[PDB]
């Protein structure tokens, strides 16, 4: 579904904790990961955030959180007073170089200076898949991808391009076939589980990661909401959790259009 205000409470602490976890797992902070993916770094580019009333409308804490996220990664960001088209105009007129705005189906970053444009879905799948894959103590190039939709598919695509051995599952058999037929990934059978130390999950569902596939100290990299693994299992296998509701995906978008 959609983000709620409650998901975005204390976004600064959520981002701090996510950054620490990415550092622990991969040896790089989120800036470092983006640098590896896109070769870019921030130089205080001016970023206009435009609230949008379309569909379900303005989500409490959404623009405020993007404002914090952008500032956190060193951008010169602002949120427009007006929403929608009037907000867009305001943003361009106040000198935005990059526009950031979302409706219920599309969240984008558009860099007006160089024409590059990012969609949040593939940009999130890519960065979370990248983070998972750079797990320093992995000891294997096998990775399990659970969820092969708009976030998951591009994530798996990235891992295949990066020369990882990708096993894929989606509860929707048509989506699983599309992935094996277009990407050439290996289909994972829940009934014949093997342990993974690298796991990437991209679903809107809880408890999608069976106990049988967790190895001790494995990384679980998931944009998904709610959380893919119960607290109990996460504690029991000392699982290294990378999960954060907006900022890591947002960083991936911004750095990709620089």
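Residue numbers count along the first chain shown, from 1. In this text, rigid core is short for the largest set of C-alphas that superpose within 1.5 Å between two forms.
Larger average C-alpha displacement in 8 other deposited structures of this protein, relative to the shown form after a rigid core fit, is seen for 9-17 when comparing 9-17 with 232-240. In none of the other PDB entries of this protein that model the residues around it does residue 48 lack coordinates, well short of a third. In at least a third of the other PDB entries of this protein that model the residues around it, residue 57 has no coordinates. Stretches compared: 213-221, 27-35. Higher mean C-alpha B-factor in the entry: 213-221. As the entry records it, the average C-alpha temperature factor is higher for 183-191, out of 183-191 and 92-100.
Note on 207, 70, 44, 63: the highest value goes to 207, judged by CA B factor as recorded. Considering 169, 78, 128, 153 together, the PDB entry gives 169 the largest C-alpha B factor. Sorting the modelled residues of the chain by their CA temperature factor places residue 40 in the lowest third. Per the PDB record, residue ranking by Cα B-factor puts residue 2 in the highest third of the chain. Sorting the modelled residues of the chain by their CA temperature factor places residue 116 in the lowest third. When all modelled residues of the chain are sorted by CA temperature factor, residue 240 is found within the highest third.
Sort the chain's modelled residues by C-alpha temperature factor and residue 133 lands in the middle third, per the entry.
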